[PDB]
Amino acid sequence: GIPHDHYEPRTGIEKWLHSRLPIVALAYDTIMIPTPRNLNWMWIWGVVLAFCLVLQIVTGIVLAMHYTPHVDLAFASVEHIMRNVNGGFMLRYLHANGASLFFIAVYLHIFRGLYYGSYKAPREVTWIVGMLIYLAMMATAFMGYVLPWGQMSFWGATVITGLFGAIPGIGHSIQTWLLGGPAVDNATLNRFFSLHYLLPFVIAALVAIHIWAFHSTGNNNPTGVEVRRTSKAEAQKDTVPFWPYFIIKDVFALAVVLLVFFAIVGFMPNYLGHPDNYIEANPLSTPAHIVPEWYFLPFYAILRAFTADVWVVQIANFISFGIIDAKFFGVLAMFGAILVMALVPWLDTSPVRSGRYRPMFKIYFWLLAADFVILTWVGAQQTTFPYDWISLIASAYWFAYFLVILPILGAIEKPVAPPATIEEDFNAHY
């Protein structure tokens, strides 16, 4: 709702079209939205996520023209792609590393939103639409990893599908319904492949609402001071149009990101992978170490940190009359990490927007960023000492940030005066 200028049909072809379908108008008002002119480099990841979703669908559709979702043929069809399909070896590594590029982007995209308070009002709907995209992404990549049908494909699916069996009462039915049988088998691979095709289109729809969301309220900025929308002469001082100023700024940053991503795919495409996935699926041979991909490690650490001898786990099992066993507690704690992150608009009671002007919050944020790396690290470690304690301290601070610290901080925070306008902050730098 920022004062800009409407689209005017210019030539004759535009007047003929605007009076039937104003699509050239929706493209002008969208690509000419007033964007704050103080945006730093942390506002590029939306475009990198946009590029990623197109990359995964394009290479995804191509790889489906040569993949066979069947246990007897899946592993071979992927090596058929590597060895025989023209450039098929590059298309897999683009699709495989592409998920890592797609998942490192959201975490910088998200931790951007956690620092600068882009989740706080009026931007709750952008966050909730964001969280749903986050769930579809993880469910999509999880089912995608099953498709090569290696060891990690089979046994990763065997562990995670078993967590649904730990639900009280209805857990066995949901596991049977999911697997289509007593265990991970061909029906699981057959249905996981179909849903792996579907959900990226569902994600594409959510990105449309995601983009409709922040266009309604306007882009946040490092100061947290909204754009002045009382006069066109004022808004022009706080903002510049999207095209060409930030289009070229994002497309520039995308080129640098791809310059790294292609160097990874071009020279170390297997660094971010598990060698066990080049071993065919063996139901009669468990690997030595069942490690998810790096973008799932912090939720894997929270799952295994809550063993049966943890004090909080024993208290729950006693209170719940045996309903909440040690395994189901880990399930709640694993998905609970998502939920507290989704409720962070209603847990952060501070009226201050950006974390730039919150001294005490700034400490706890950077500990969360460090804590996320630690959770990602212990996820690959064993359950032995001292890693069982490192994950338990780390899992604890994750929930303490959202459920305890952020509500308490809203009462005792001693903020700092933000600038009066975006213009002040932009001129303070230059």
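Start at 1 and count along the sequence shown; that's the residue number.
Undergrad: Which of the two stretches, 192-200 or 216-224, shows the higher mean Cα temperature factor in the record?
TA: Higher mean C-alpha B-factor in the PDB entry: 216-224.
Undergrad: Read off the CA B-factors in the entry, average them over 111-119 and over 314-322, and name the higher stretch.
TA: Higher of the two, by average CA B-factor, is 314-322.
Undergrad: When the CA B-factors of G88, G171, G330, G336 are compared as recorded in the entry, which is the largest?
TA: It is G171.
Undergrad: Per the entry, which of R92, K237, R304, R83 tops the list for Cα B factor?
TA: Each of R92, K237, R304, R83 was compared by C-alpha B-factor; the highest is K237.
Undergrad: By the recorded C-alpha temperature factor, relative to the other modelled residues in its chain, which third is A370 in?
TA: For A370, whose C-alpha B-factor we compare with every modelled residue in the chain, the answer is the middle third.
Undergrad: Check where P148 lands among this chain's C-alpha B-factors and tell me if it's the lowest, middle or highest third.
TA: Lowest third.
Undergrad: Using the B-factor values recorded in the entry, state whether the Cα atom of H210 falls in the lowest, middle or highest third among the modelled residues of its chain.
TA: It belongs to the lowest third of the chain when residues are ordered by C-alpha B-factor.
Undergrad: Split into thirds by Cα B-factor across the chain's modelled residues, where does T30 land: lowest, middle or highest?
TA: For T30, the deposited C-alpha B-factor lands in the highest third.
Undergrad: Could you say whether, by C-alpha temperature factor, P36 belongs to the lowest, middle or highest third of its chain?
TA: Middle third.
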